[PDB]
Amino acid sequence: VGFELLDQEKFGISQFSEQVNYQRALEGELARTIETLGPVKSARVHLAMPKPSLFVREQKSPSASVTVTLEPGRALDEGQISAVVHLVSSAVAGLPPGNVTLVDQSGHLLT
Amino acid sequence: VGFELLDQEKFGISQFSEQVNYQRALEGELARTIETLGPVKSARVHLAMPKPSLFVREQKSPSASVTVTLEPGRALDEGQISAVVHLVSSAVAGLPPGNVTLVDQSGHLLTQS
Amino acid sequence: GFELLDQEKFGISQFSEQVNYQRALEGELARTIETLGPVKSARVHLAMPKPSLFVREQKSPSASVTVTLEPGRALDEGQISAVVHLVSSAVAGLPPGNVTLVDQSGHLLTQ
Amino acid sequence: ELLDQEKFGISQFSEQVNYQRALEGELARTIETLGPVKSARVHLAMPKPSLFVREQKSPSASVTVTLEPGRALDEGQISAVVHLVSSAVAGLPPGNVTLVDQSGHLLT
Amino acid sequence: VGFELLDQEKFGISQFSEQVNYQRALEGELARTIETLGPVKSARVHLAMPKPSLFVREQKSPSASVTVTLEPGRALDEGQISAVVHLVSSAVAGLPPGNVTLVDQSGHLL
Amino acid sequence: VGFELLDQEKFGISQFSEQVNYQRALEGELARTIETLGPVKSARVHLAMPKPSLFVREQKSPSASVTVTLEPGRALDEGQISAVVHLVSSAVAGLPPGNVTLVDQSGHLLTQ
Amino acid sequence: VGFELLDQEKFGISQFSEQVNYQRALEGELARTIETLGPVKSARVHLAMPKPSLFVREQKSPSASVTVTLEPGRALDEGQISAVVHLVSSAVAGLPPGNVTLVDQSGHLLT
Amino acid sequence: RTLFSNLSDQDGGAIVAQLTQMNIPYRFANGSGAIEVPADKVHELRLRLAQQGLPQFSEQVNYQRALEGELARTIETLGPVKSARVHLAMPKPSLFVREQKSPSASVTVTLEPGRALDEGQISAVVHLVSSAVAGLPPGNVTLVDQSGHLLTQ
Amino acid sequence: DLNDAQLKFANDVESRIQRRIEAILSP
Amino acid sequence: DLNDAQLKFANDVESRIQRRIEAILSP
Amino acid sequence: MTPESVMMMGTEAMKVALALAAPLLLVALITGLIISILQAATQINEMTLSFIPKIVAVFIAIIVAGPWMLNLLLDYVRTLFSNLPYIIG
Amino acid sequence: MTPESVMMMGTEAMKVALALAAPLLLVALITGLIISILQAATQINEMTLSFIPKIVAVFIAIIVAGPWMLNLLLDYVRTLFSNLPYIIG
Amino acid sequence: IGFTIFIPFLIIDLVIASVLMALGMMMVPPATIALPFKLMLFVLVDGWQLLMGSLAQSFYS
Amino acid sequence: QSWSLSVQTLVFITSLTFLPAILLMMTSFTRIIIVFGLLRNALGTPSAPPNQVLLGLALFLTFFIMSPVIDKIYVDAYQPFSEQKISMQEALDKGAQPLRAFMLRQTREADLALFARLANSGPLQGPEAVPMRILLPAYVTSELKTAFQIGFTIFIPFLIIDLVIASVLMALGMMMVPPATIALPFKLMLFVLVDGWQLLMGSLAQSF
């Protein structure tokens, strides 16, 4: 899904488009790996990356929201909550774990 | 993917695209070698490579997340975990091992917290 | 293979030229490593850091070498040492201590 | 001969990568010619210059030899190979030449 | 090879390659004369000529490695080793003899 | 080779090429004359013509290496060796005789 | 071997060529006259005309090597050696006689 | 008689080329990697070829002793050599695991009065001995005369 | 590295002194 | 790393001293 | 410097220029030739017919190939500036 | 110093200019004439298609004969500057 | 001395203008093209050593 | 032996007159300023950045390049002289060393040889025998030549853009347009998309 899209032949595209497409692709692959974790039936990742400057003006840090749907009764281990955190944080340049929110299909914050 | 991915290159390739493609490739080859490790059935590598910053109080570091699927009951030894860490760290210019996270198919963190 | 470089286009840029050089080196090094009695197949990954500028004392590259041995063909300490030397020399400014050697079972042969 | 393959000009860097390959090939060739040596493999690392500081790094070489079944290399041999490889590379300090056999024994 | 190689009609050539061709040709002719010496069956000459500067005070000197294959049992005399040294040194602008290495087919440093 | 070598000159001739060709031609003619001396069956001359500079500390004068093949048993006279030296030295602008090496087909240094 | 010999070579002749051709022509004519001397069957003249250098406190001077083949037994007279010297020296701008070497077909230095 | 056995194809070919050049009859043992040659020429030829650089305890001991004896006999075919003794000293399968060992040879020659080995003959002896023993580098061959003078540099 | 070269140098010196002694003590 | 090289250097020196003693104590 | 250390650099630079200008000139020539041949076939007498096809062809070629030429030129200039300190010697 | 010398050096200078400019001008003229006669034969007339191959031909002309021009002009300037202190008055 | 110096730098501009005019590029300024080539010439033929030596000889002659 | 304090004050305040001459002839100011002037000429506009900005920027670049030499002089000459441990003349002689090394490292051999020929120098010997009055003009000549070498290759991309635009415009048919007018914005675009200023400073600094 994500990486496949980025390729779709296209010429009428701007840097802005190139970035947005990169963001989408990253979201897709991350959700993919998260689902590929036993207890997880489907995952949805939303990234908020701040548009960067090339000047010396306020760095800030990105944020992520992860929604997981679990298999009937497959509760995630504290370790399961953690490893998800690590993966999502690493996949985003300068993502401080503390800015990763993990939520289940019922709206419980596993974070 | 990986090295094969960088074959049919249309003339219209922004440096940004060239980099992202290099990243995607490296991820692919690393996952490949990790799967080639006996106990590992499939691997997934995610790299976070952030171009630099001059201020130290505002400098982070390259990071990696590695998810492995093991063969039925094929637990990874401590030395294995160590070798996965070394390989991933070396493959990324200036990747401090401590920024490599290794996780299994059940969500157990195999590396340090 | 060094061949990869020979069969190439003319629209390729510098980035491509470098990446191709890196790949070719990875190939030849793996080749020689396999051509060592106990080694059945080798896989070399190079991390050559790009130009400095934003950095100060600059930084040096790293290598990861995975070997598959012939049934029971354990590598001697001197072997491990020779693999280290070869890989380090083949990479401009590669400090041996940044070469990791691992076997098909995930045992770290170096340190 | 790889150098002369009727190839339209590519880039200085391409020319550089080639020259390096050709030198490696000829060196391996002469090393094999030697009696005890069945095949040789030479890898050269030409150093990259710095940015603003004047630091001439010294190049390095790794030589892998496959010897005639059983026959080994004498110390004088461990010396002549070193000399040849060092001379063939502008400013190659012998001490940066590593010689290894088909079993992974460091001969240098 | 040698002067024939240098001649091969060619237009797509640069100064660097041009020199490289000169180096190859010199190597070839030197090996040629060395073989043309009784005891020598075949010779191989490798030259390392450093990059020239138009003012940089730093001064460096070139180096040569010569491998000879001898006729069955045709050991080279000392005076011989000396003459090979002289020829190779002279053929390379500013080649200090002491930077010429001569080796046999068995890996003995003559 | 030698003077004949500098005949079919394509317009594309870099000064570098010009010089190298001049060096080759001089080498050829010198070898030729050296063969003319009776005892000599074939001659091979190598010239090393380099940069001059000025710092007296590091001056490298031109140098020559001459290999002669003699006729069966035709040993060269001391005077002959002297004449070869003179000819080669004169043919090279500023060639100090002492930088001319003469060697036979067996690897004996005939000069010093 | 002839003044007119090099008096062509089409055009596109870098002056370097013009000089070398002059040198060759002078060599040829000198050898010619030397052959005319009765005892001389053939002559060969080599000139080394130094290309001026502003590195030495003063200008260096040129040199000549003359090889003569004599008629069977036609030994050259001392006065003859002297006349050959004079002719060769005069034909070369600023040629100091003492830099003219005369040799016979047997390798005897007549100078 | 067998000149050489267990030759590489390369060495075999080189040896055959040299025999042909010298006009010496030869018979390469079929698939035996061996070359039986005139019995009376075996030793001389071994030496000549060596000059051109070509090519249980009891058993080992015996083997070793046999090899030593054969090498000695071959060396004795040299004109200036009255008698030769060869001692081979290959350490028993390295007992120490980490440390690495290598075979060496000591050759003692008694020369005919007033005769000396030349550099070529010396080199031939060294090569002969090194080639006969697996893993024996030329540098590990010491050649001495009856007076204990070291002939190998 | 250098230590092994020094040790081999010492071994050669000792061996040559031994041989020189043996040479005169033999006859 | 370097410590192992130093230890091997010590082992070689000790072994050679041992062999030198044994050589004269044998006859 | 040297005539060569200069001729090679100029040859590389004008290669770059030729690669940059080849698509536009090629499409312009092709379009002009096609329109002119079509005009001659119908025996239409006019000189300004080809200009508008020329302009739209060049405009479309610029749109299609702009990233490629711009990236090639940027990379060439970047390597030239990086190699500049070593050009003097 | 004499006016004969002045006019001789001027004439040689401008013959050097003629030799420098003759290959490029002649190549352009030949290309233009060839394209014009082809247009006349084919009955095609657009004033812009003759401008296309001329640039390519003239630019190739520097590829082929450029080193010769660069070597000729440098030799001329070198000789002029070397002979400057002997034509002083 | 200066007026014989001036000649090559005007020769280059003349040939540049003629070459530009052969191809019909009549609206291209020739000076902007000629300046890099004049700098290249003055670099190649030892622009300053030859001039320095010529002036010094011009005094001592 | 030491000079009187009045003599020291006179010499010190007189030497400050040669400060512009030292900065121009002896330091890296000349090459940088020549390259900057050539780059404006090459940009298509002759006076876009005012001379004042370029002069100040060249001064800062020269200071940054020469800071190691200044540190060496301070360690060797200024500090031990100010503490009254060496005399003025010996301090000047000691402090002339790092500047001599800096001047030598960028000096063409031919320039030094020529200016030694014109100064009747005979057996020179070690690179550490060249006098200051011989070394200085050779350094100036080498700096001028190097600046010209840098400028004529800085000119290349803008000539490429000019020729490409002129060829495209005339081949398309519009031969009455001035190519430079259309080309100038594209020259500015190329300069800003390459980061021409930053890369040019990097190259100028690396040239030493």
# chains A, B, ... in the order shown; residues from 1 in each chain; ligands from 1
>>> residues_around(residues="segment 77-89 of chain F", least_positions_apart="2", cutoff="9 Å", atoms="only C-alpha atoms", output="count of residues only")
37
>>> calpha_fit_and_write(fixed="chain I", moving="chain J", output="compact mmCIF listing (two decimals) with N, CA and C atoms, in the first residue's frame")
# COMPACT_ATOMS: atom_id res chain seq x y z
N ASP J 1 54.18 -7.82 16.95
CA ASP J 1 54.57 -7.12 15.73
C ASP J 1 56.07 -6.80 15.75
N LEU J 2 56.42 -5.63 16.28
CA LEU J 2 57.83 -5.26 16.38
C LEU J 2 58.55 -6.14 17.39
N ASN J 3 57.84 -6.57 18.43
CA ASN J 3 58.45 -7.42 19.45
C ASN J 3 58.91 -8.74 18.86
N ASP J 4 58.13 -9.32 17.95
CA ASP J 4 58.53 -10.56 17.29
C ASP J 4 59.77 -10.36 16.43
N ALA J 5 59.85 -9.22 15.74
CA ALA J 5 61.05 -8.93 14.96
C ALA J 5 62.27 -8.81 15.86
N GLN J 6 62.13 -8.13 17.00
CA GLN J 6 63.24 -8.03 17.94
C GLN J 6 63.65 -9.40 18.46
N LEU J 7 62.67 -10.25 18.77
CA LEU J 7 62.97 -11.59 19.27
C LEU J 7 63.68 -12.43 18.23
N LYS J 8 63.26 -12.35 16.97
CA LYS J 8 63.95 -13.07 15.91
C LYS J 8 65.37 -12.54 15.72
N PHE J 9 65.55 -11.23 15.85
CA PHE J 9 66.89 -10.65 15.80
C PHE J 9 67.78 -11.23 16.90
N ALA J 10 67.25 -11.31 18.12
CA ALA J 10 68.00 -11.91 19.22
C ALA J 10 68.32 -13.38 18.96
N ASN J 11 67.35 -14.13 18.43
CA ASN J 11 67.57 -15.54 18.13
C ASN J 11 68.66 -15.73 17.09
N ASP J 12 68.66 -14.91 16.03
CA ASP J 12 69.71 -15.02 15.02
C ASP J 12 71.08 -14.68 15.60
N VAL J 13 71.17 -13.63 16.42
CA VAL J 13 72.46 -13.29 17.02
C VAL J 13 72.96 -14.43 17.90
N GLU J 14 72.07 -14.98 18.73
CA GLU J 14 72.47 -16.08 19.61
C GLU J 14 72.91 -17.30 18.82
N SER J 15 72.18 -17.62 17.75
CA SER J 15 72.52 -18.78 16.93
C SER J 15 73.88 -18.61 16.27
N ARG J 16 74.17 -17.40 15.77
CA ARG J 16 75.46 -17.17 15.13
C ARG J 16 76.61 -17.21 16.13
N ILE J 17 76.41 -16.68 17.34
CA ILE J 17 77.45 -16.82 18.36
C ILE J 17 77.67 -18.29 18.70
N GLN J 18 76.58 -19.05 18.83
CA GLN J 18 76.68 -20.48 19.09
C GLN J 18 77.47 -21.19 18.00
N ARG J 19 77.17 -20.88 16.73
CA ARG J 19 77.86 -21.54 15.63
C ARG J 19 79.34 -21.16 15.60
N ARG J 20 79.66 -19.90 15.90
CA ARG J 20 81.06 -19.49 15.93
C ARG J 20 81.82 -20.23 17.02
N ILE J 21 81.21 -20.42 18.19
CA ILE J 21 81.86 -21.19 19.25
C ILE J 21 82.06 -22.63 18.81
N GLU J 22 81.01 -23.24 18.25
CA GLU J 22 81.07 -24.64 17.83
C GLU J 22 82.13 -24.87 16.76
N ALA J 23 82.32 -23.88 15.88
CA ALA J 23 83.26 -24.01 14.78
C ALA J 23 84.68 -24.23 15.27
N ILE J 24 85.10 -23.50 16.30
CA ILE J 24 86.46 -23.67 16.81
C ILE J 24 86.52 -24.82 17.81
N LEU J 25 85.41 -25.11 18.48
CA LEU J 25 85.44 -26.17 19.49
C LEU J 25 85.34 -27.55 18.86
N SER J 26 84.96 -27.62 17.58
CA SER J 26 84.81 -28.89 16.88
C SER J 26 86.13 -29.58 16.55
N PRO J 27 87.12 -28.90 15.92
CA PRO J 27 88.32 -29.62 15.46
C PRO J 27 89.09 -30.34 16.55
>>> calpha_fit_rmsd(fixed="chain G", moving="chain A")
1.6 Å
>>> select_by_dssp(residues="segment 21-70 of chain L", states="helix (DSSP H, G or I)", output="PyMOL selection string")
chain L and resi 21-42+51-70
>>> residues_around(residues="segment 2-13 of chain F", least_positions_apart="5", cutoff="7 Å", atoms="only C-alpha atoms", output="number ranges by chain")
F: 18, 21, 24-26, 28-29; G: 12; L: 67-68
>>> closest_residue(among="D:11, D:73, D:43, D:85", to="residue 105 of chain D", atoms="only C-alpha atoms")
D:73
>>> closest_residue(among="B:66, B:1, B:20, B:109", to="residue 40 of chain B", atoms="only C-alpha atoms")
B:66
>>> closest_atom_pairs(of="segment 44-63 of chain L", to="segment 20-42 of chain K", cutoff="8 Å", atoms="only C-alpha atoms", output="Markdown table")
| residue | atom | partner | partner_atom | distance |
| --- | --- | --- | --- | --- |
| L:44 | CA | K:40 | CA | 5.8 |
| L:45 | CA | K:36 | CA | 6.8 |
| L:46 | CA | K:36 | CA | 6.6 |
| L:48 | CA | K:32 | CA | 7.5 |
| L:49 | CA | K:29 | CA | 6.0 |
| L:52 | CA | K:29 | CA | 6.2 |
>>> residues_around(residues="residue 83 of chain A", least_positions_apart="2", cutoff="12 Å", atoms="only C-alpha atoms", output="number ranges by chain")
A: 33-34, 37, 76-81, 85-90, 97, 100, 102; B: 65-68, 100-113
>>> interface_residues(of="chain D", to="chain E", cutoff="6 Å", atoms="only C-alpha atoms", output="PDB file with N, CA, C and O atoms, in the first residue's frame")
ATOM      1  N   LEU D  34      53.140 -15.580  -9.107  1.00  0.00           N
ATOM      2  CA  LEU D  34      54.172 -16.144  -8.193  1.00  0.00           C
ATOM      3  C   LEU D  34      53.928 -17.641  -8.004  1.00  0.00           C
ATOM      4  O   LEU D  34      52.759 -18.048  -7.909  1.00  0.00           O
ATOM      5  N   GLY D  35      55.000 -18.425  -7.919  1.00  0.00           N
ATOM      6  CA  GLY D  35      54.853 -19.890  -7.836  1.00  0.00           C
ATOM      7  C   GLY D  35      53.800 -20.374  -6.858  1.00  0.00           C
ATOM      8  O   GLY D  35      52.780 -20.917  -7.324  1.00  0.00           O
ATOM      9  N   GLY D  76      60.303 -14.246   3.463  1.00  0.00           N
ATOM     10  CA  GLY D  76      60.740 -13.365   2.366  1.00  0.00           C
ATOM     11  C   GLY D  76      59.571 -13.114   1.436  1.00  0.00           C
ATOM     12  O   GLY D  76      59.424 -11.975   0.954  1.00  0.00           O
ATOM     13  N   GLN D  77      58.777 -14.154   1.193  1.00  0.00           N
ATOM     14  CA  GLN D  77      57.566 -13.958   0.365  1.00  0.00           C
ATOM     15  C   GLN D  77      56.666 -12.962   1.104  1.00  0.00           C
ATOM     16  O   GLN D  77      56.299 -11.938   0.497  1.00  0.00           O
ATOM     17  N   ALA D  80      58.105  -9.682   0.015  1.00  0.00           N
ATOM     18  CA  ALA D  80      58.055  -9.231  -1.394  1.00  0.00           C
ATOM     19  C   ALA D  80      56.625  -8.845  -1.783  1.00  0.00           C
ATOM     20  O   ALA D  80      56.463  -7.809  -2.447  1.00  0.00           O
ATOM     21  N   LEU D  84      55.701  -5.100  -3.215  1.00  0.00           N
ATOM     22  CA  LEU D  84      55.009  -4.854  -4.509  1.00  0.00           C
ATOM     23  C   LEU D  84      53.729  -4.052  -4.267  1.00  0.00           C
ATOM     24  O   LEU D  84      53.575  -2.949  -4.868  1.00  0.00           O
ATOM     25  N   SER D  87      54.376  -0.372  -3.199  1.00  0.00           N
ATOM     26  CA  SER D  87      54.911   0.467  -4.298  1.00  0.00           C
ATOM     27  C   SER D  87      53.800   0.798  -5.298  1.00  0.00           C
ATOM     28  O   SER D  87      53.745   1.954  -5.749  1.00  0.00           O
ATOM     29  N   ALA D  88      52.942  -0.170  -5.625  1.00  0.00           N
ATOM     30  CA  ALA D  88      51.935   0.086  -6.693  1.00  0.00           C
ATOM     31  C   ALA D  88      50.902   1.162  -6.315  1.00  0.00           C
ATOM     32  O   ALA D  88      50.097   1.500  -7.195  1.00  0.00           O
ATOM     33  N   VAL D  89      50.884   1.582  -5.054  1.00  0.00           N
ATOM     34  CA  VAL D  89      49.853   2.561  -4.606  1.00  0.00           C
ATOM     35  C   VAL D  89      50.575   3.818  -4.125  1.00  0.00           C
ATOM     36  O   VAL D  89      51.348   3.727  -3.157  1.00  0.00           O
ATOM     37  N   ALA D  90      50.325   4.947  -4.793  1.00  0.00           N
ATOM     38  CA  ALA D  90      51.028   6.190  -4.425  1.00  0.00           C
ATOM     39  C   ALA D  90      50.912   6.393  -2.913  1.00  0.00           C
ATOM     40  O   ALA D  90      49.775   6.430  -2.405  1.00  0.00           O
TER      41      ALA D  90
END
>>> residues_around(residues="residue 30 of chain G", least_positions_apart="4", cutoff="9 Å", atoms="only C-alpha atoms", output="MDAnalysis selection string")
chainID G and resid 25:26 34:35 43:45 87:88 91
>>> interface_residues(of="chain K", to="chain C", cutoff="9 Å", atoms="only C-alpha atoms", output="PyMOL selection string")
chain K and resi 68+71-72+75-76+79
>>> closest_residue(among="F:62, F:33, F:15, F:1", to="chain L", atoms="only C-alpha atoms")
F:15
>>> residues_around(residues="residue 12 of chain B", least_positions_apart="4", cutoff="10 Å", atoms="only C-alpha atoms", output="number ranges by chain")
A: 10-11; B: 17; K: 64-71
>>> closest_atom_pairs(of="chain C", to="chain J", cutoff="12 Å", atoms="only C-alpha atoms", output="CSV")
residue,atom,partner,partner_atom,distance
C:77,CA,J:1,CA,11.5
C:81,CA,J:1,CA,10.5
C:96,CA,J:1,CA,11.7
C:97,CA,J:1,CA,10.4
C:110,CA,J:1,CA,11.0
C:111,CA,J:1,CA,10.4
>>> interface_residues(of="chain D", to="chain C", cutoff="8 Å", atoms="only C-alpha atoms", output="PyMOL selection string")
chain D and resi 10+14+17+41+43-48+51+59-64+96+98+100-106
>>> write_last_selection(atoms="N, CA and C atoms", output="short mmCIF file (atom, residue, chain, number, x, y, z; two decimals), in the first residue's frame")
data_model
loop_
_atom_site.label_atom_id
_atom_site.label_comp_id
_atom_site.auth_asym_id
_atom_site.auth_seq_id
_atom_site.Cartn_x
_atom_site.Cartn_y
_atom_site.Cartn_z
N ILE D 10 32.19 9.30 -18.98
CA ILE D 10 31.12 9.27 -17.95
C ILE D 10 31.37 10.42 -16.97
N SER D 14 33.79 8.26 -11.99
CA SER D 14 33.75 6.96 -12.71
C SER D 14 35.16 6.61 -13.17
N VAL D 17 36.95 5.38 -10.07
CA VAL D 17 36.56 4.01 -9.63
C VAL D 17 37.25 3.02 -10.56
N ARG D 41 43.52 -11.90 -4.64
CA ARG D 41 42.43 -10.89 -4.64
C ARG D 41 42.96 -9.66 -3.87
N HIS D 43 42.21 -5.69 -2.63
CA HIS D 43 41.29 -4.59 -2.36
C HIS D 43 42.07 -3.38 -1.91
N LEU D 44 41.88 -2.26 -2.61
CA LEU D 44 42.51 -0.99 -2.29
C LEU D 44 41.49 -0.04 -1.68
N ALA D 45 41.89 0.66 -0.62
CA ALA D 45 41.13 1.77 -0.07
C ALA D 45 41.94 3.05 -0.24
N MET D 46 41.68 3.78 -1.33
CA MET D 46 42.35 5.10 -1.49
C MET D 46 41.70 6.08 -0.52
N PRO D 47 42.44 6.90 0.27
CA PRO D 47 41.81 7.74 1.29
C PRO D 47 41.05 8.94 0.71
N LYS D 48 39.98 9.36 1.40
CA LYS D 48 39.19 10.54 0.95
C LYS D 48 39.74 11.79 1.64
N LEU D 51 37.86 18.31 4.82
CA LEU D 51 37.03 19.46 4.39
C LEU D 51 37.84 20.76 4.50
N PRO D 59 46.65 5.55 2.32
CA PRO D 59 45.80 4.49 1.79
C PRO D 59 46.05 3.14 2.47
N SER D 60 45.16 2.18 2.24
CA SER D 60 45.33 0.83 2.81
C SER D 60 45.00 -0.24 1.77
N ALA D 61 45.57 -1.43 1.94
CA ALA D 61 45.35 -2.56 1.04
C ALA D 61 45.08 -3.85 1.83
N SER D 62 44.19 -4.68 1.30
CA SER D 62 43.96 -6.04 1.78
C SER D 62 44.16 -7.01 0.63
N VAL D 63 45.03 -7.98 0.85
CA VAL D 63 45.44 -8.98 -0.13
C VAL D 63 45.05 -10.34 0.42
N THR D 64 44.22 -11.07 -0.31
CA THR D 64 43.90 -12.46 -0.01
C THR D 64 44.55 -13.34 -1.06
N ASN D 96 50.32 -0.69 6.23
CA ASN D 96 48.88 -0.67 5.93
C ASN D 96 48.48 -1.73 4.88
N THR D 98 47.67 -5.62 4.45
CA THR D 98 47.33 -6.88 5.13
C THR D 98 47.34 -8.01 4.12
N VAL D 100 46.51 -12.13 3.77
CA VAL D 100 45.75 -13.23 4.39
C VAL D 100 45.69 -14.42 3.44
N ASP D 101 45.62 -15.63 4.01
CA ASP D 101 45.55 -16.86 3.17
C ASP D 101 44.10 -17.31 3.00
N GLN D 102 43.89 -18.40 2.27
CA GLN D 102 42.56 -18.97 2.02
C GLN D 102 41.84 -19.53 3.26
N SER D 103 42.58 -19.76 4.35
CA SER D 103 42.06 -20.26 5.63
C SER D 103 41.81 -19.15 6.65
N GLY D 104 42.14 -17.89 6.32
CA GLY D 104 41.98 -16.74 7.20
C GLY D 104 43.18 -16.48 8.11
N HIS D 105 44.34 -17.11 7.89
CA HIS D 105 45.56 -16.77 8.62
C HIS D 105 46.16 -15.49 8.06
N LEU D 106 46.40 -14.53 8.95
CA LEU D 106 47.13 -13.31 8.64
C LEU D 106 48.62 -13.65 8.47
#
>>> atom_distance(atom1="atom CA of residue 60 of chain N", atom2="atom CA of residue 201 of chain N")
11.1 Å
>>> interface_residues(of="chain N", to="chain C", cutoff="12 Å", atoms="only C-alpha atoms", output="count of residues only")
3
